[PDB]
Amino acid sequence: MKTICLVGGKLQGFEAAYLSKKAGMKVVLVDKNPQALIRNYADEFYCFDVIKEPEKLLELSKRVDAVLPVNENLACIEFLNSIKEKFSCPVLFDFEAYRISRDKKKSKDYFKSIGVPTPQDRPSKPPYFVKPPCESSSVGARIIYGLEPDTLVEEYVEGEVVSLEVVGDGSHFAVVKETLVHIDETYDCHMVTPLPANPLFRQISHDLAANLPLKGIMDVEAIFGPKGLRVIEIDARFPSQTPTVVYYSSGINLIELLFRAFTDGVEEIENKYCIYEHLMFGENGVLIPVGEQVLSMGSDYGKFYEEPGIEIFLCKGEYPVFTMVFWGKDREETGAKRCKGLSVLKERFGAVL
Ligand SMILES: Nc1ncnc2c1ncn2[C@@H]1O[C@H](COP(=O)(O)OP(=O)(O)OP(=O)(O)O)[C@@H](O)[C@H]1O
Ligand SMILES: Nc1ncnc2c1ncn2[C@@H]1O[C@H](COP(=O)(O)OP(=O)(O)O)[C@@H](O)[C@H]1O
Ligand SMILES: N[C@@H](CCCC[NH3+])C(=O)O
Ligand SMILES: [Mg+2]
Ligand SMILES: [Mg+2]
Ligand SMILES: [Mg+2]
């Protein structure tokens, strides 16, 4: 049995912990917040700030098999970069790739440098899409029909939002599984489903990884627009939501793949269906689709229910959020599991949908 140390116990942390458990690993969580979202889901929880008490993390590195940063606190990431050589185990992160991916303008410069299409900057005709340069989870992202000077202003690209994940070992780049990102009125993601292979998007994603070169994990997001694919962002950190869909649809565990990248290496390149979604239990049990910004306000996140083809997680707080995971051989069977999962909530917990 191997042990993974996660630095960060929110949404990235949950995803990493979930897949680590599927891989039969023990999960040690480090988080500065006593109310860290996944504190009770991890096998061990150590509450400290790694910047304030680095010696505690370095000591932990002697008794775990890897340390995975799963947060987007630049102060934390920059600090970890400064002490990474002192770790007694691998740090599963690409600091150079993250420096590029965290800044959307820097990323767009990178896309342009290797000839990858990306939305036009500063269009003359509405609608415009605006977003901050360095956020995530669609925070500050909005359509426009006194902005900060570094706000991105782009042409609004209509179409499907699609994600691919890539794990590189510095030499080989494993492009994994296409996923569809289902968006709500805030442009946040409330649902993820798998998609068939897209050779063009796979090649683009490979090239984005290869030109760094990536030793770590990165995802690529694109909009399949009316005039073709436009890459909107990359994020060189462990993603939330999509890795669960990747796991059930393709059989690939991204935590295992990332660990392999830093130990033995990776090789390039199941066809099953999966539905992953978030539903808030509103007033009187009204079920409402919500995105990650709502889950991020939660107080306690862990497993609620499981049967064959169904996993349900509950994010407690001011109105709970259920994260539902359904899988099966095809869309029909998966839809039937979704129906069963919802019926459990309906009959036993008074939900309405
Ligand atoms: N230096 C650190 N040491 C320990 N844990 C940290 C550190 N920096 C961030 N974290 C934890 O990582 C988790 C994810 O942080 P991140 O900044 O990515 O998301 P966030 O939603 O902005 O978090 P926050 O609750 O701070 O607003 C949080 O639970 C946070 O407490
Ligand atoms: N140029 C654009 N046109 C249309 N929609 C966009 C555009 N850029 C971003 N979006 C939408 O906003 C969401 C968040 O933008 P993204 O660049 O992926 O930032 P992130 O860091 O916040 O998640 C996307 O998933 C997509 O739905
Ligand atoms: N870093 C934040 C946001 C991650 C959003 C990724 N889609 C968290 O771990 O909760
Ligand atoms: Mg992003
Ligand atoms: Mg995004
Ligand atoms: Mg993303």
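Residues numbered from 1 in each chain as written, not as in the entry; some residues may be left out. Chains lettered and ligands numbered in written order. Heavy atoms only, no water.

For this coordinate set, the PDB header names X-ray crystallography as the determination method and states a resolution of 1.50 Å.

### Structural notes on the UniProt feature "binding site: ADP" in the chain
As a reminder of what qualifies: UniProt positions are given in the numbering used here, feature names are shortened, and annotations may be inferred rather than shown by experiment. For the purposes of this entry, the term helix denotes a DSSP run of H or I that reaches at least four residues, the term strand denotes a run of E that reaches at least two, and both are numbered from the N terminus. Each residue's exposure class comes from its accessible area (1.4 Å probe, protein chains only) as a fraction of the maximum for that residue type: buried when under 20%, exposed when over 50%, partly exposed otherwise. Residues are treated as being in contact if the distance between any of their heavy atoms lies within 4.5 Å. What qualifies as a polar contact is a pair of N or O atoms within 3.5 Å, subject to a donor-acceptor requirement within protein and to the restriction that residues adjacent in sequence count only when both atoms come from side chains.
The UniProt record marks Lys104, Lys131, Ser138, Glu154, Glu155, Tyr156, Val157 and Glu233 with the feature "binding site: ADP", using the residue numbering of this structure. Structurally, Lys104 is set in helix α5 (residues 104-113). Taking the relative accessible area as the measure of exposure, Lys104 reaches 8% and is therefore buried. Aside from chain neighbours lying at most four places away, what touches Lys104 is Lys131, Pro132, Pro133, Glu135, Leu152 and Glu233. Mapped onto the elements, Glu233 comes out in strand β13 (residues 228-235). If near-sequence neighbours (up to four positions away) are discounted, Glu233 is found in contact with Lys104, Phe111, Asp219, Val220 and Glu221. A polar side-chain atom of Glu233 sits 3.3 Å from a polar atom in the side chain of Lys104.

### Quick word on the coordination of the magnesium ion (ligand 5)
In plain terms, the rule: Coordinating donors are taken as N, O and S atoms within 2.8 Å of the metal, stretched to 3.2 Å for Na, K and Ca; because water is absent from the atoms, sites can appear incomplete.
Coordination of the magnesium ion (ligand 5) by the protein is provided by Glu221 (OE) and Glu233 (OE), with metal-donor distances spanning 2.1 to 2.2 Å. The metal-metal distance between the magnesium ion (ligand 5) and the magnesium ion (ligand 4) is 3.2 Å, with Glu233 coordinating both. Taken together, the positions of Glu221 in strand β12 (residues 215-225) and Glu233 in strand β13 put the pair twelve residues apart, joining distant regions of the chain. Across the pair, exposure class does not vary: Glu221 and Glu233 are buried alike.

### Regarding the sheet that holds strand β7 (residues 152-155)
Within a sheet, each strand pairs with its neighbour through backbone hydrogen bonds, oriented either parallel or antiparallel. Rules: Between any two strands, at least two bridges found by DSSP are needed for them to pair. Each axis is a line fitted through C-alpha atoms, and for a helix only the stretch in contact is used; angles between axes span 0 to 180 degrees, taken between their N-to-C directions.
In spatial order, the strands read β6-β5-β7; together these three strands make up an open sheet with antiparallel pairing. Two strands close off the open sheet at either side, each with one partner strand: β6 (142-144) and β7. Taking each pair of neighbouring strands and ignoring which way they run, the sheet shows an average axis angle of 35°. Where strand β5 (residues 128-131) meets β7, four bridges bridge the pair, whose relative direction is antiparallel.

### Digging into the site of ligand 1
The line we're drawing: A single heavy atom is enough: if one lies within 4 Å of a molecule or strand, its residue is considered near that molecule or strand. Only the protein chains shown count as covering a residue, and every accessible area follows the Shrake-Rupley method with a 1.4 Å probe. Three residue categories are used. Nonpolar comprises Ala, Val, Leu, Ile, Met, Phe, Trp, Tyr, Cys and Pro, charged comprises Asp, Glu, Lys and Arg, and polar comprises the others, including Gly.
Around ligand 1 there are 13 residues in total, and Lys10, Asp31, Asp49, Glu72 and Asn73 lie nearest to it. Within the side chain of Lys10, one N or O atom sits 2.7 Å away from an oxygen atom of ligand 1. A distance of 3.0 Å separates a nitrogen atom of ligand 1 from a polar side-chain atom of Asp49. In isolation ligand 1 has 600 Å² of accessible area, and contact with the protein removes 73% of it. Each residue belonging to the shell around ligand 1 can be placed in one class, and the counts come to four nonpolar, four polar and five charged.

### Observations concerning the pattern of salt bridges
What counts here: We define a salt bridge as a contact between a side-chain nitrogen of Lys or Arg and a carboxyl oxygen of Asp or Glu at a distance within 4 Å.
Evaluated as defined, the whole model comprises 20 salt bridges. One salt bridge connects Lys84 with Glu85, and the closest N-O pair in it is separated by 2.7 Å. A relative accessible area of 31% means that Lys84 is categorised as partly exposed. Two residues, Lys131 and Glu154, come together in a salt bridge whose shortest N-O distance is 3.3 Å. One network of salt bridges, with partners in common, ties together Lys108, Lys112, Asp121, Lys131 and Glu154.

### Thoughts on the packing of aromatic side chains
The condition that has to hold: For this analysis, a ring pair means two rings from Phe, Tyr or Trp (six-membered ring only for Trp) whose centres lie within 6.5 Å, classed as stacked if their planes differ by under 30 degrees, edge-to-face if by over 60, and tilted for the remaining angles. Cation placement over rings: the criterion is NZ of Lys or CZ of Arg within 6 Å of the ring centroid and within 35° of the ring normal.
In this structure the tally under the stated criterion is 17 aromatic pairs. An aromatic cluster of three or more residues is present, and its members are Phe14, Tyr18, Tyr41, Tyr301 and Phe313. Directly above the ring of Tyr41 sits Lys21, whose terminal nitrogen or CZ lies 3.7 Å from the centroid. Above the face of the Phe95 ring, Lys84 is positioned so that its terminal group lies 5.9 Å from the ring centre.

### Thoughts on the state of the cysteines
Short version of the rule: Only a pair of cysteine sulfur atoms within 2.5 Å qualifies as a disulfide here.
Under the definition given, this model contains zero disulfides. Here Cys274 is not cross-linked by a disulfide; its sulfur's nearest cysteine counterpart is in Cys189, at 12 Å. On the basis of relative accessibility, which here comes to 0%, the residue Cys274 falls in the buried class. Of the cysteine sulfurs around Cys315, a residue in no disulfide, the closest is that of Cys189, at 15 Å. The exposure class of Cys315 is buried, given its relative accessible area of 2%.

### Here's the deal with the site of ligand 2
Around ligand 2, the structure places 19 residues, and the nearest of them are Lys104, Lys131, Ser138, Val157 and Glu221. One of the side-chain N or O atoms of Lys104 is found 2.6 Å from an oxygen atom in ligand 2. Contacts to ligand 2 include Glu135, whose backbone N or O atom sits 3.2 Å from an oxygen atom. Across the complex, the protein chains shield 94% of the 540 Å² of accessible surface that ligand 2 would expose by itself. Those elements giving two or more residues to the shell around ligand 2 turn out to be β5, β7, β12 and β13. Residue classes in the shell around ligand 2 are distributed as nine nonpolar, three polar and seven charged.

### Some points on the environment of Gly328
Relative to the elements of secondary structure, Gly328 occurs in strand β18 (residues 321-328). Here the alpha-carbon distance between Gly328 and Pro289, two residues 39 residues apart in the chain, equals 22 Å. Not counting chain neighbours up to four residues away, the residues in contact with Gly328 comprise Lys272, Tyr273, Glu333 and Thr334.

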